[PDB]
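A.B. asks: can you look at this? It's an experimental structure, sequence on top.
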There are 2 protein chains.
Amino acid sequence: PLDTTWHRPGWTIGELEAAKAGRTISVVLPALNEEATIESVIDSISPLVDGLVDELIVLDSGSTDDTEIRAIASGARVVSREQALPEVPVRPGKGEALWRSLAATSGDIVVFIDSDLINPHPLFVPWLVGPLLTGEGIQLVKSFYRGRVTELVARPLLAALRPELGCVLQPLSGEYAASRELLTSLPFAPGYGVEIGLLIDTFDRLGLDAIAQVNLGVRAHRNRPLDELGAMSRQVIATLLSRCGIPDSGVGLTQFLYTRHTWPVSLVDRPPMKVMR
Amino acid sequence: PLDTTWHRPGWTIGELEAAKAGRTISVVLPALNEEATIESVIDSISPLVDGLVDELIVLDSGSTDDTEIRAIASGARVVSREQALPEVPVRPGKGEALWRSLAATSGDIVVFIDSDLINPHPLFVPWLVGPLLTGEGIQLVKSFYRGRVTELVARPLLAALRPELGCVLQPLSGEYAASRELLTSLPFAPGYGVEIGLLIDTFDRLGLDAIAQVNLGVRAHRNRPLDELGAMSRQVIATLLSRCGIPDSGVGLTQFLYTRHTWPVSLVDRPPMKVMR
Ligand SMILES: O=c1ccn([C@@H]2O[C@H](COP(=O)(O)OP(=O)(O)O)[C@@H](O)[C@H]2O)c(=O)[nH]1
Ligand SMILES: O=c1ccn([C@@H]2O[C@H](COP(=O)(O)OP(=O)(O)O)[C@@H](O)[C@H]2O)c(=O)[nH]1
């Protein structure tokens, strides 16, 4: 049903490069306070630059640590959200950063890799672009690998409301690649909703045959607090309900620490980047 | 908004007993393979029997361990699902057990306490019945206390679709009490959907003023596997969407262990026990 590559792809980098056929490739690393891991991520990919990869940027999303200086010292082009699109005031969240990154790149193909990876494989990018390069009509490639939000919230909600996407193992995965034509044609959900939004919109518009998923081997759970997962789940839900035509209250999740706190949720997507042309 | 008792209730057992005023109290312990903890739970409550508590049963939900013999050796009346209602074939899941327990009790008030508690407080039952006994119009009392499904799935979904219930700290809590009149008037969701179903139905029919929540002090996370949480979340979602008028696919969550497995979900509620009269 869904083109799934279960084992190590066999394509060599030179085959893949040859297969580009004039198409270009941009790589985007969104980054918010990832000073510990950003350089390792950049280094895993920079040997591809001027070859398979035509372009690499770090999309810095307001870091106040050493993310930017360290990315620069690893030879990466670093682009702030403001620089990506300076006529338009910056909103918080991941989705804003990824959407803005479209204005700061020009590749026919765009690859996203999270900047929080601990020793990422140097073949992530080649493995992700394979189906886009080699085939016809694949426009989106998702990764999978051996989380709580994914397995308790997103996958069960998909089974409930878009069971056709039940075969996708990591719908929330931060590692994926897509054609510019697709990406600039889709709205971008705010915050942590962006991946699930892109997947449902992609499916609704082109169906499964435009989607592939590739095995990246092994990944281990980021350690983050429960409360951040709470807010994340809320935004994933808001984005998922909206794509399925269901009205969301717009009310943020409240949590009680013995004290009460309400986290922000957003029901506002960014429009297709195409309108900004 | 929602009557919440944040500290230790001050009512003494003799006040509470006096406040019954001819009303009776049943206690139900649903149990599936809880041989390690069932006796401690029964013992925490049996000193109340023939006083505040008029009736205690263990609703045995198909145990194949020593649950039943150990409950009997602690002086509990043990009722199988079949015995609770023998003309009607037994379905799997928690909701079936709780629903059936209504036919095996006759208290004006029914208290549910999970049978998997590690050293439960002997005041759980007095604390839960307090608002039902002392006041007017409270028909349902939920507990709260210092889980993943609760905080990632149920609370965020309530915020999305029934934000009025956002102030409920433990919507999925297995410890609660209610009037028979209320309980026999509501359908019972299958599986792990039963608590969330009772809460939403209660709210929709009587509003918040009929609902209270009481502090039980401290509770610690049951250790159960992620996959069981996956199936649990799916059923909670199915029950929640249905109460909110949203169609659920009826498709079970699938998980990939490198091998694939699909877990059951049910879109079938039991009707109000009243129709069985
Ligand atoms: O407003 C944001 C939030 C996240 N990210 C980036 O998106 C990626 C995934 O975010 P996540 O919160 O999952 O990673 P974490 O913060 O736990 O390291 C990270 O590399 C972040 O640096 C970002 O650029 N802007
Ligand atoms: O089909 C079921 C499932 C659960 N329970 C009871 O409902 C309570 C809560 O179930 P849960 O799965 O949360 O507890 P666990 O199995 O982890 O001990 C337990 O005491 C169970 O014995 C039951 O009677 N029948």
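C.D. replies: Yes, it's here. Numbers count the residues shown, from 1 in each chain, chains lettered A, B, ... in the order given. Ligands and ions are numbered 1, 2, ... in the order given.

A.B. asks: contacts and neighbour counts: CA atoms only from here.
C.D. replies: Will do.

A.B. asks: measure stretch A:120-128 end to end?
C.D. replies: Taking CA to CA, to the nearest Å, the first and last residues of stretch A:120-128 lie 13 Å apart.

A.B. asks: should've said stretch A:76-89
C.D. replies: 24 Å.

A.B. asks: so what touches it?
C.D. replies: Stretch A:76-89 is contacted by residues A:42, A:56-62, A:68, A:71-72, A:90, A:97, A:100-101, A:103-104 when judged by CA atoms under 8 Å, 6 or more residues apart in numbering or on different chains.

A.B. asks: pull the contacting residues for whichever residue of the stretch 101-250 of chain A sits closest to ligand 2.
C.D. replies: At 15.4 Å from ligand 2, residue A:152 is the closest residue in the stretch 101-250 of chain A, using CA to the nearest ligand atom. Each residue near residue A:152 by CA under 8 Å, 6+ apart is listed here: B:149, B:152-153, B:229-230, B:233-234.

A.B. asks: if we go to 10 Å?
C.D. replies: Residue A:152 is in contact with A:233, B:148-149, B:152-153, B:226-234, B:237, B:253, counting by CA atoms under 10 Å, 6 or more residues apart in numbering or on different chains.

A.B. asks: looking at those residues, which has the most residues close by?
C.D. replies: Using other CA atoms under 10 Å in any protein chain shown as the neighbour test, these are led by residue B:234, with 32 neighbours.

A.B. asks: ok, for that one, nearest residue in space, not its chain neighbours?
C.D. replies: Leaving out its chain neighbours, the residue that sits closest to residue B:234 by CA to CA, 6 or more residues apart in numbering or on different chains is residue A:156, at 5.2 Å.

A.B. asks: and for residue A:4?
C.D. replies: Per CA to CA, 6+ apart, closest to residue A:4 is residue A:213, 5.0 Å.

A.B. asks: now the one helix or strand that neighbour maps to: how far from the chain's centre is it?
C.D. replies: Using DSSP states H and E, residue A:213 sits in strand A:211-215. In this view, strand A:211-215 has its centroid 14 Å away from the chain centroid, taken as CA atoms, centre = their mean, to the nearest Å.

A.B. asks: helices or strands next to it in the packing?
C.D. replies: Applying 3 or more CA pairs under 10 Å, 6 or more residues apart in numbering or on different chains; DSSP states H and E, one finds that strand A:211-215 makes contact with strand A:3-5, helix A:124-133, strand A:140-144, strand A:176-179, helix A:194-206.

A.B. asks: same thing but 8 Å
C.D. replies: Where contact means 3 or more CA pairs under 8 Å, 6 or more residues apart in numbering or on different chains; DSSP states H and E, strand A:211-215 is packed against strand A:3-5, helix A:124-133, strand A:140-144.

A.B. asks: the ones you listed into TSV, with extra columns for mean neighbour count and distance to residue B:78?
C.D. replies: Converted to TSV, the helices and strands packed on strand A:211-215 look like this (neighbours: other CA atoms under 10 Å in any protein chain shown; distance: least, CA to CA, whole Å):
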stretch	mean neighbour count	distance to residue B:78
strand A:3-5	17	51
helix A:124-133	24	58
strand A:140-144	25	48
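
A.B. asks: could those be laid out in JSON lines, adding distance to residue B:113?
C.D. replies: Below are the helices and strands packed on strand A:211-215 laid out as JSON lines (distance: least, CA to CA, whole Å):
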{"stretch": "strand A:3-5", "distance to residue B:113": "46"}
{"stretch": "helix A:124-133", "distance to residue B:113": "50"}
{"stretch": "strand A:140-144", "distance to residue B:113": "40"}
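
A.B. asks: out of the ones you listed, which is closest to residue A:113?
C.D. replies: Closest of the helices and strands packed on strand A:211-215 to residue A:113 is helix A:124-133, at 8.2 Å (criterion: CA to CA).

A.B. asks: ok, residues contacting that closest one?
C.D. replies: Here helix A:124-133 has contacts from A:9, A:11, A:13, A:16, A:19-20, A:45, A:52, A:111, A:138-143, A:176-179, A:212, A:214, A:216, using CA under 8 Å, 6+ apart.

A.B. asks: next one: stretch A:12-26
C.D. replies: With contact meaning CA under 8 Å, 6+ apart, stretch A:12-26 is reached by A:51-57, A:105-111, A:126, A:130, A:133-134.

A.B. asks: may I see the buried residues of it?
C.D. replies: Using 16 or more other CA atoms under 10 Å in any protein chain shown as the burial criterion, the residues of stretch A:12-26 that qualify are A:13, A:16-17, A:19-20, A:24-26.

A.B. asks: what does stretch A:90-98 contact?
C.D. replies: With contacts defined as CA under 8 Å, 6+ apart, stretch A:90-98 is touched by A:30, A:59-61, A:81-82, A:188-194, A:270.

A.B. asks: quick one: is it near ligand 1?
C.D. replies: Yes - Stretch A:90-98 reaches ligand 1 (CA under 6 Å from any ligand atom) through A:92-94, A:97.

A.B. asks: any idea how far apart the tips of that stretch sit?
C.D. replies: End to end - CA to CA - stretch A:90-98 spans 12 Å.

A.B. asks: stretch A:14-29 now?
C.D. replies: Stretch A:14-29 has its terminal residues 24 Å apart, counting by CA to CA.
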